Structures are given as structure tokens and as C-alpha cells.
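> need coordinates for the following:
(one chain, ligands or ions: 4)
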Amino acid sequence: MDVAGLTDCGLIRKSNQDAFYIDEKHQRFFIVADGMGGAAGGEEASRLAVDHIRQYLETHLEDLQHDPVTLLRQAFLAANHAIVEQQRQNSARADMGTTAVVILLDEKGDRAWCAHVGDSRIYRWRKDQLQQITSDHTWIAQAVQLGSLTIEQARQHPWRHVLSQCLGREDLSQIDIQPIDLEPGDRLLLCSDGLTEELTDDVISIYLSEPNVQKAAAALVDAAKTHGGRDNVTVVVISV
Ligand SMILES: [Ca+2]
Ligand SMILES: [Ca+2]
Ligand SMILES: [Ca+2]
Ligand SMILES: [Ca+2]
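Numbering: from 1, shown residues only. Ligands and ions are numbered 1, 2, ... in the order given. Next comes the structure:
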């Protein structure tokens, strides 16, 4: 199983508030976070999220891998509290927040638990078929899903940019957690919306077809900038 990860400012943003982590030693879990907030930032929130989810998983994986939904929920809440605590304390960064998408693999490696809060995404790629696993926690996504406003078509409405869920909120209840089964040759992609605001699903699928995940990850980031690079962009590419 090969894995590559990459982050980039883009061509507009002066700093990168994205963060990611790959479990290089054991390849059990993978994390991408997209921060927001100034003063700064932002980068604080997404760093906290990645660090706390990582440390919670590291500590409790042995004990709780039989119950991944409980494990992932507690990891996310650990992250959420760490951010809220740094908020409640610090006035300037009181509104800092971040997305997170996490993949946790079962020990066997045939099953992946996908957990997320926000509009960062997880995709699975299998035999030239690209499938978005996570559903965006945005107002307009959840609108289209209902509907109406089921024109897609969705953005550009003003938001688009506005999240219905993010880490760093005392009012956090919804954490989406779902299992997906894996097959040899599948690719997994974790990405911030810096990727998917620039690249259509069709384009992403092309780049995920490259067996070399190092080249694939670099291609994705490079393509996102060619198309505009209006935001921070982060990708983690996993070959199953
Ligand atoms: Ca951001
Ligand atoms: Ca967005
Ligand atoms: Ca973003
Ligand atoms: Ca563009």
C-alpha cells in the first residue's frame, strides 16, 4: 500500500491554513484539515485538529479498533475541545475553526472508516469510477440534497463558502462516520476544497488513474493551480 500527501498555498492565498498527516509507520490512518479564522489563524485550528486526532488515534487504536465509530467520534471531540479551549481562552482567535476528513483502515486493510466534519472530502476511485464518499457540511449542499434549490447550479450562490459544521464549535453534534469496503487497485483521496473548487470530478479521476501516487498527488496540486489556485490545496492519495 503506497501513500502520498502534499499541500500548497495556491496562487492567491499568502499563507496555508490547511494541514495533513499520514501515519507513515503503520499506514492505519490519514488526516486532512482545512482551517479558517484570522490573527492567525486558522492554521492554529487545523494544526490542533490534526495533532489531536492523530494522538487520540495513536493512544486508543489498540483498545478501540473493534469499535471504530466510537473511536473516531472521541478523536474528533478531543480535537473539537482542544480548539474550543484555545478559543475560550484567546479572544483574537475566538472564531477559528477547521474542517477535518479522516480515513481509518481496519487492521486487515479491506475496510476503511471515513469520518468528516466540513467540506473537505473523501473520494474512492475504483476501475475508472470515481465516487465521493462524504457529503459536504455546507448549507447549499444540504439544500440540493433536500431539495429544492436542487440546481447544481449550487455554487456560485454566495455560500458555497459557508459551512454547516466545523471543528471548533461548542455546538458540535454531527460527525459523519461511514465504512467503505476496499479492493486491490482502489485509490483513496482526502482533499481540502482547494482541490475541488478548481478541479471537476472528471479531471480528478484522470489524475487518480496514475498508478504512481507520488506523481498523482503532485499532478493534482499542479492542476489545481493551473486552473486558478484560488485557495490552499491539500491532497492525500492512497493506493490500496
Ligand atoms: Ca481555509
Ligand atoms: Ca467551500
Ligand atoms: Ca479551503
Ligand atoms: Ca478556476
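> residue 79 versus residue 45, what's the distance?
Using Cβ to Cβ, to the nearest Å, residue 45 is found at 9 Å from residue 79. Any C-beta I mention is one placed from the backbone N, CA and C, and that applies to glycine too.
> repeat for residue 223
When Cβ to Cβ is the yardstick, residue 223 and residue 79 sit 30 Å from each other.
> which one of the two has more residues nearby?
Taking residue 223 and residue 79 together and counting by other Cβ atoms under 10 Å, residue 79 has the greater number of neighbours (29 against 18).
> so what's the residue most central in space within the chain bridging to?
Per Cα atoms, centre = their mean, the C-alpha nearest to the average position across the chain is that of residue 101, at 3.1 Å. Each beta-bridge partner of residue 101 is listed here, defined by DSSP bridges: residue 32, residue 116.
> how about it, what does it touch?
Residue 101 is in contact with 31-33, 114-116, 118, 120-122, 134, 190-191, counting by Cβ atoms under 8 Å, 6 or more residues apart in numbering.
> now it: how far from ligand 3?
Look at residue 101 and ligand 3: by Cβ to the ion, to the nearest Å, they are 12 Å apart.
> residues from this protein in reach of ligand 4?
By Cβ under 5 Å from the ion, the residues of the chain that approach ligand 4 are 198, 227-228.
> name the member of the residues you listed with the most neighbours.
Neighbour counts for the residues of the chain next to ligand 4 peak at residue 198, which has 22 neighbours (criterion: other Cβ under 10 Å).
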